[PDB]
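Right, one structure below, let's go through it.
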Ligand SMILES: CCCCNC(=O)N1CCC(C)CC1
Ligand SMILES: CCCCNC(=O)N1CCC(C)CC1
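Residue numbers (the deposited numbering), protein chains in the order written: chain A, 22 to 214; chain A', 22 to 214. A prime marks a further copy of an entry chain.
Here it is in structure tokens:
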């Protein structure tokens with residue numbers, strides 16, 4: 022069954038907790054999944070292609086949850102709306118730190134990964150700008166910055182800040198504090214004059 | 022004269038505009054500086070060590086300018102103070118995009134570079150938190166987030182946002198708009214309730 026593919030994906034994710042991809046081998050991957058090295062190469066052309074697929078799953082999972090969120094409005098409080106949105110990325114990527122970590126590094130080498138970050142970031146920034154615009158129309162938010170430019174910076178702040186937190190980088194916001202920090206900065210940049 | 026070292030530094034920076042370090046060679050570096058490959062190795066043990074030195078110069082230049090700024094206060098306007106601070110990093114790194122670009126990528130491989138970003142970021146975040154605290158004491162800023170946590174996120178936003186702008190990443194704030202965007206988000210997160 023294809024589900025050997027499922028087995029390669031789980032072997033990889035597991036191993037990426039312990040060491041970078043560079044220090045992970047196709048032997049290591051095939052072994053974990055309980056297939057031969059040549060049977061591995063039937064399912065994925067490279068180690069790098071396996072990362073890509075994982076990052077794709079994680080990214081689409083985040084996207085899907087944000088689509089679920091947008092199709093029903095949680096009963097009022099503007100701050101809570103934002104907190105609930107940003108939580109989608111905190112939880113989704115926070116459940117996949119290993120993948121999140123390797124994906125981000127791979128952006129410097131794998132334009133195929135870079136393109137995948139880029140696509141999904143553009144989409145999410147577009148969604149951010151539409152909510153700010155909608156909020157500006159209702160009269161709740163002042164027309165300050167260009168909405169899309171503001172949305173871009175805010176999304177970039179969240180990419181950088183969440184992943185530094187996840188990787189325990191120095192410096193970083195503690196993970197148990199990161200959510201409140203971003204929301205404060207989001208709400209206050211969106212609604213403030 | 023050592024100033025062969027100066028010549029290796031300028032050859033490298035020049036070339037890093039055209040191609041990544043990976044595609045740049047010690048031959049290329051020695052040639053540009055007008056020395057032999059073995060004379061090169063007297064001055065720097067690797068290509069990677071040359072990057073490091075450049076990033077060090079650029080980082081200290083930014084730091085020094087921020088020290089100049091702090092030792093005399095520009096006549097009032099809280100927003101302008103911040104704009105003037107952030108401008109230091111916009112101008113300094115914006116004059117060294119090639120170096121800025123290669124330094125950032127090298128963080129994923131060269132813990133010696135990672136450590137250099139880390140050190141200087143910690144310092145700048147500390148300075149940010151001290152200005153917010155000072156501002157909170159004068160009574161001008163509300164005691165909202167922990168000052169250091171806020172300073173960290175804001176600095177990370179600026180690292181991510183400025184370098185995406187510089188590299189023409191999609192997505193990004195246009196460079197001619199990036200300054201205003203960050204300041205708005207800075208001022209409004211610092212002074213807003
Ligand atoms: C509707 C609110 C969207 C919030 N966006 C958000 O949290 N992002 C921060 C995390 C990165 C990975 C994607 C963009
Ligand atoms: C006193 C204000 C400091 C502003 N900090 C700032 O603009 N930074 C953003 C750019 C990165 C490279 C370092 C931190």
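By construction, the Cβ of each residue, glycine as well, lies at the ideal position given by its N, Cα and C atoms.
So for residue i, helix, strand or coil by DSSP?
i	result
residue 191/A	coil
residue 59/A'	helix
residue 117/A'	coil
residue 65/A'	coil
residue 129/A	coil
residue 44/A	helix
residue 160/A	coil
residue 106/A'	helix
residue 213/A	coil
residue 93/A'	coil
residue 77/A	helix
residue 166/A'	coil
residue 24/A'	coil
residue 98/A'	coil
For residue i, which option in the options has the closest C-alpha, if you only look at C-alpha atoms?
i	options	result
residue 134/A'	150/A', 72/A', 162/A' and 119/A'	72/A'
residue 169/A	162/A, 151/A and 186/A	151/A
residue 196/A'	160/A, 174/A and 132/A	174/A
residue 189/A	57/A, 70/A, 55/A and 115/A	115/A
residue 205/A	104/A, 67/A, 96/A and 25/A	104/A
residue 130/A'	187/A', 106/A', 109/A' and 69/A'	69/A'
residue 201/A	66/A', 106/A', 107/A' and 166/A'	166/A'
residue 146/A'	87/A', 162/A' and 101/A'	87/A'
residue 56/A	41/A, 74/A, 36/A and 22/A	22/A
residue 208/A	144/A, 101/A and 60/A	101/A
residue 112/A	144/A, 32/A and 187/A	187/A
Alpha carbon to alpha carbon, what distance is there between residue j and residue i?
i	j	result
residue 99/A	residue 84/A'	39 Å
residue 64/A'	residue 193/A'	38 Å
residue 34/A	residue 94/A'	52 Å
residue 44/A	residue 50/A	11 Å
residue 127/A'	residue 89/A	38 Å
residue 157/A	residue 38/A	43 Å
residue 53/A	residue 80/A	24 Å
residue 199/A	residue 30/A	29 Å
residue 177/A	residue 142/A	9 Å
residue 154/A'	residue 172/A'	10 Å
residue 118/A	residue 96/A'	46 Å
residue 110/A	residue 160/A'	35 Å
residue 185/A'	residue 122/A'	9 Å
residue 25/A'	residue 82/A'	21 Å
residue 106/A	residue 140/A'	33 Å
residue 74/A'	residue 41/A	26 Å
residue 210/A'	residue 132/A	35 Å
residue 58/A	residue 36/A	17 Å
residue 28/A	residue 78/A'	48 Å
residue 212/A	residue 108/A	20 Å
residue 66/A	residue 191/A'	28 Å
residue 144/A'	residue 32/A'	30 Å
Kindly list the residues whose CB is nearer than 7 Å to the CB of residue i, restricted to its own chain and excluding five residues on each side of it in sequence; keep chain order.
i	result
residue 76/A	120, 124, 134 and 137
residue 62/A'	none
residue 47/A	58, 61 and 68
Enumerate in chain order the residues of its own chain whose CB-to-CB distance from residue i is below 8 Å, with the five nearest sequence positions on each side excluded.
i	result
residue 91/A'	148
residue 164/A	157
residue 214/A	163 and 165
Leaving out the 5 sequence neighbours to the left and right, which residues in its chain are closer than 6 Å to residue i when beta-carbon positions are compared?
i	result
residue 179/A'	203
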